[PDB]
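Only one structure is covered here, and it is reproduced in the block below.
Every residue, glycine as well, gets a Cβ built from its backbone with ideal geometry; the counts of neighbours run over all protein chains shown. Every number in this text was worked out from the coordinates using simple rules, so none of it is lab data.
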Ligand code: HEA
Ligand code: HEA
Ligand SMILES: [Cu+2]
Ligand SMILES: [Mg+2]
Ligand code: NA
Ligand SMILES: [Zn+2]
């Protein structure tokens, strides 16, 4: 009603385009898995 | 619409959605940290160089995996989805501070990331034991960033605990006895009570440490009449209640998935279940010095603490036997949630018994801070709480999004992660009994073989993480809906649609007069 | 008419977001103040936090008295949550008393083996802390007289009790600052000075917070917001002030008499 | 004179349920319901503002598990595991 | 006495693992011994046992630091 | 002082579509834009200072 | 000294280690009892086929399910208190040895007569003389006599450490301003190896403990030969 | 829990892309850092 | 009856009690002219491991030059 409800409509991200969804999940989980590796390389450059 | 609905959210469903997203991101970060640790610990030698950066990695692993993954996943997330739908509440009691606590969490994670950025690093561990965290050993700001991240997470947890207790004991239907709610509500109630009684303890301890560094005070400085043993006492009066925080919604979730897919209309011994939950809650505060058996306490104090630790061991065993009893007599539907629950039962059993082997005091005088402890808490936490999170995740996902899970691929994920965590976490029994301590970036020749086996199993667990994130994508892409849900007569959450709408329980439930 | 349950559906609000990020600014600015000597981030964090709290409790009042959304069971939830908050700082100050008792009951060899540590004369607890605890007890009896004047329901004694309580609390804060200025040791002066000043400072900050409660409840009564039965703002102020009073009694007894 | 009284001060949902409390009828479900008699000729009356409402049978004494099911408008449906009758009536509010 | 021994005995008054308080008590009663016998004219070498027992119980850094506290007038103890 | 509650009780129960945090008038909207302009500006200034601590000269 | 493919503890040298390992395999046979029991119960209800989803009787089995694990825990806990009493026994301190954990190394003090303090450093991998063990060897060993209960007064200078020799059976935290007392005994001479077990900076993995125990005559021969 | 048919069924190729897609960008970052740690190590 | 009783206790017990305690401190503060204790550089007092984040880093937030000596002495 005031907000749209239904299967897949209660997510903050769009679901209809599966390839766009794949791209956004890929960059999201890639940033998640890549944050500590860029921490360790940043500290290696700093040290 | 986006900034109105999601950044300014006031409904528990989307609040739990954003909990689930943040918990998944924190699980990714913690998985990366664990893989880096095992990259140290799969081949002898300084792959990175100094071990101070390795201590930073293990500190970030502990903090991210405890405070940003498990609690936002099952305590915040599953609680915020479930307990209004569980007790018939239309919404949480104080959704505005619920949203405040949620949006308090990413500043804590960002402060921890900034701590990792600072060149001093958080080389302390989960324990932030002074004078290692003081101005002399750590001349920097990174440990201050960690302490402030603990402040942020602590006030978020306090606010969430207040909201959860208020919602549970206030807005159940008025004819309901408090001993009539589903057991996840009881588990998260005892969880929120222990959060409320243990989170000001961390607040006191880390304000003490922050004042010790920045304001020239001597709370833990030996050169001013202070003592770090006080910080150890405060931090473990935090710590064992906190690990019981990390296990109690696991008890609730596994009990619910067992009584769902086992075909029973009721779990065995509900009064015994609730009594065991309150008993381990009550005894969780008076056993805090089982991490203190080698510090130099009084010997009668050590005897009391190990005896009371056996007293906390007994009702958990009552809980486990009630799970086996409610498994008894029921036809087992082979959903992956039962596979996670059975893995939880067996692996939590062996982890708790490993905890008992630690709990014998002289066995800690031989066995404190080795990898035997690592095996204990990775059995009971890194796949106890993790397998419970997985069980709830693959159970309520058709309720959370509307799309089901395919059993073959989901069980493939379960089997590979079970094998990976077993291969990872079974060698540290031999690693700890053979006697290497924690926080080592390189290991001797006797420990080389089991360390290599554990790292190979950890890479198996990483492949399982890949197949899980692929499976989330596959569900969200195939978008096959829910035809029907069984046992919605007993489980209140499943009868209001998959997924439930934005405004649930606008008409209150008609509770029987009796 | 769209909800049949008597509970409260909050409209979307930005102040959860802004208060959480203002806490981020507060902690980050504390880091920059301690290590990189820039106060501006801390001042901006304080301003954003106080302004966010102002509008948050503004909206709470607006949905309370200008809309009537605090149903009896809603304020039952409010009083439950306030009780939980009270016991939260009960255990907070209990951890602080644990630190003090571990410092005092077993003195180390760096203090000379005696309590208080040698070198600095401790403050006299007979005159000025006694005046302080009389101030707190007078303020507490004024609060309970004010709530009974709500039960009787009449404004002149209500207002007189609230003003005399606020004057007593302000006097206690001024005396606390005066005894901070009139003491022979600092927070960097030994374990006893460290724990005494930290505990008294946390208590005094809580007294300032309670004074803000009493000020806002006075300005809410002068604007006729409170009524004969729905006066939960003053109920919460009363409970917070009684918590403050019992914490000061514990601090008085323990620190000022146990080993002095 | 003195402080205002909430009877002529407070307005809104609080005032509506205050009038409900003075008149003794509770339409907004702050109190447990009545008429625990679920026969065929006398089913349990469940008031709903919609066509359908969640009911929970506590159909055994001191039963720790509640039985949750919906009612739709019409004939009196029974609790699935005990068999007491419920009839849903429109509140018309 | 003027006895000859090997090491410090097991003090039954202090039966726990913490012997910082043990060397604390040893240092304090060695000093009250020294001041008492130099006050009343007794033999000052009768608690060489006390000197050697604090030397055995607590480290050289602590002992030299505390002797500097004596030499300046800085010692926090009741001596 | 005068009882101005019932006249302020009419300015907030109007079902005009504004949420509860904006019904009071233009002062509240100005104040909400003000607390957006310094929180988000502060957060952007906070992450710059943390990055400046992260990367020395 | 730990050997590759090790599953239990490093073998006993001290009588306290002998009772630790006896109680250890007591706890292992207990945990194997419970683990086999829960395995057979789980396999029983996964291998069954019949159904019972009626009202299950609750107040009949929790009595035994409470009392018999209480017996198991009390027979676990009684030898723990027994071994605690063994550490609570009186001492025969032929020697007093003090350990002082310094930043990334140790210093050992023999001060009963002719005060001597030596520094236990870390030997590097490239400077390892041929035949030794990696990450364990120290240029200056810690000399003890055998068959003698010796006091171990353990503290640290600037950061927390943890003196832990698992073979002999000692592990206590070196705390600044709090020195713990550990009773060191054995039955054999030779080398014994242990580690630091508390995080203490950028060389936490690089603090080992080497203890060589030999006949008393060689002990004072060593102590005279240094000075 | 019965499930309705997939609204957007994934083909053999779609599953292949999906599995690899993430594995690729969920391990690529890891590989890069680990593989070049020795360079990164160079203070240069 | 409760509200009257509390009003009477406030006016006849609490206010006279605060008056007597204020008079006690006020008379003491006029007779006591404390002999500042001699400075002794005790190693457990005036500990400075890190400078304060204000002023010169050596003065406490509520510093009083008359009664609070620095690690070096009184300021006068
Ligand atoms: C999920 C979190 C979790 C849980 C549930 C537990 C549960 C327990 N933990 Fe543990 N623990 C941790 C997380 C957890 N712990 C962490 C994270 C650390 C280290 C932190 C750090 O070092 O930084 C730790 C450390 C730790 C130590 C420190 C060892 C040392 O360093 O010296 C000890 C020792 O006493 C201990 C004991 C226990 C015990 C006795 C239990 C018990 O509650 C387990 C009870 C469970 C059982 C299943 C009991 C067995 C009962 C049966 C099998 C029924 C049948 C029995 C009979 C028939 C007799 N834990
Ligand atoms: C939640 C807590 C948690 C979890 C899951 C783990 C998981 C793992 N831990 Fe962790 N570990 C700790 C908590 C945890 N650990 C703590 C508290 C310490 C002590 C720190 C200290 O010494 O101070 C520690 C220490 C520790 C060490 C000691 C380092 C050292 O002393 O040198 C090691 C090394 O082997 C290790 C390894 C691992 C491995 C290989 C995993 C693997 O199991 C990783 C695989 C698990 C997962 C990946 C979890 C599942 C989550 C997801 C799959 C993502 C979630 C997303 C969705 C569900 C959508 N851990
Ligand atoms: Cu514990
Ligand atoms: Mg430690
Ligand atoms: Na390594
Ligand atoms: Zn029924």
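A few points about this structure:
- GNM result for chain C, Cα springs below 10 Å: residue of C:116, C:14, C:125 fluctuating most strongly: C:14
- Overall form of the stretch B:1-477 per C-alpha gyration tensor (a/c, 1.5; a/b vs b/c): rounded
- Distance between the stretch B:181-214 and the stretch B:276-346 - C-alpha centres, whole angstrom: 20
- Average beta-carbon neighbours from other chains, 10 Å sphere, peptide B:190-199: 2
- Cβ crowding within 10 Å ranks B:411, D:73 as D:73, B:411, fewest other Cβ atoms first.
- Estimated from helical segments only, the mean residue ellipticity of the protein assembly as shown at 222 nm is -19000 deg cm²/dmol, where each DSSP H run of four or more residues counts as -39500 (n - 2.57).
- Radius ratio Rg over Rh of chain G, counting only Cα atoms, Kirkwood formula for Rh: 1.14
- Footprinting exposure proxy for C:260, G:156, B:441 (fewest neighbouring C-beta atoms within 10 Å first): C:260, B:441, G:156
- Candidates C:165, C:18, C:118, ranked by Gaussian network fluctuation over chain C, Cα under 10 Å, top entry: C:18
- Taken residue by residue and averaged, Cβ atoms of other chains lying within 10 Å of the Cβ of G:116-126 number 1.
- Residue A:19/residue G:78 FRET efficiency (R0 60 Å; Cβ-Cβ; nearest 0.05): 0.35
- Kirkwood Rh and Cα Rg combined as Rg/Rh, the stretch G:70-178: 1.06
- Rounded Å value of the spacing that divides the Cα centres of the stretch B:35-61 and the stretch B:11-26: 30
- Protection proxy ranking of G:93-100, B:339-346 - average other beta-carbon atoms within 10 Å, highest first: B:339-346, G:93-100
- Packing rank of B:275-285, B:99-109, where each peptide gets the mean count of other beta carbons within 10 Å, highest leading: B:99-109, B:275-285
- Fraction of beta bridges assigned by DSSP in the protein assembly as shown that are antiparallel (%, nearest 5): 70
- Dividing the convex hull volume of the alpha-carbon atoms in the stretch C:196-243 by its residue count gives 51 Å³ per residue.
- The C-alpha atoms of chain H define a longest principal axis, and helix H:12-41 lies at about 10 degrees to it.
- The stretch H:9-44 versus the stretch B:114-174: alpha-carbon centroid distance in Å: 32
- Here is the P(r) of chain D: all C-alpha pair distances, binned every 5 Å from 0, give 3, 12, 18, 19, 14, 11, 8, 6, 4, 3, 2, 0 in whole percents.
- Distribution of pairwise C-alpha distances over chain E, 5 Å bins, in %: 3, 14, 23, 25, 20, 12, 3, 0
- With a 10 Å cut-off around each Cβ of B:93-104, the average count of Cβ atoms from other chains is 6.
- When the Gaussian network model of chain C links Cα atoms closer than 10 Å, the mean-square fluctuations of C:30, C:78, C:214 top out at C:30.
- Applying Stokes-Einstein at 37 °C and 0.692 mPa s to the Kirkwood radius of the protein assembly as shown, computed over alpha-carbon pairs, gives a translational diffusion coefficient of 95 µm² s⁻¹.
- Cα-based helix-to-principal-axis angle, C:232-257 vs chain C, degrees rounded to 10: 10
- Each residue of the stretch B:4-159 gets 112 Å³ once the volume of the Cα convex hull is shared out per residue.
- Considering all C-alpha pairs of the stretch C:70-260, those separated by over 26 Å amount to 39%.
- Stokes-Einstein D for the stretch G:141-215, Kirkwood Rh over Cα pairs, 20 °C, 1.002 mPa s (µm²/s): 168
- Principal-axis tilt of helix B:95-117 within chain B, Cα atoms, nearest 10 degrees: 30
- A protection proxy built from the mean count of other Cβ atoms within 10 Å ranks the segments G:116-128, B:14-26, most packed first, as B:14-26, G:116-128.
- Arranged from fewest to most other beta-carbon atoms within 10 Å of their beta carbon, B:327, C:218 become C:218, B:327.
- When the alpha-carbon atoms of the stretch B:373-435 are used, the pair Rg, Dmax equals 14.9, 50 angstrom.
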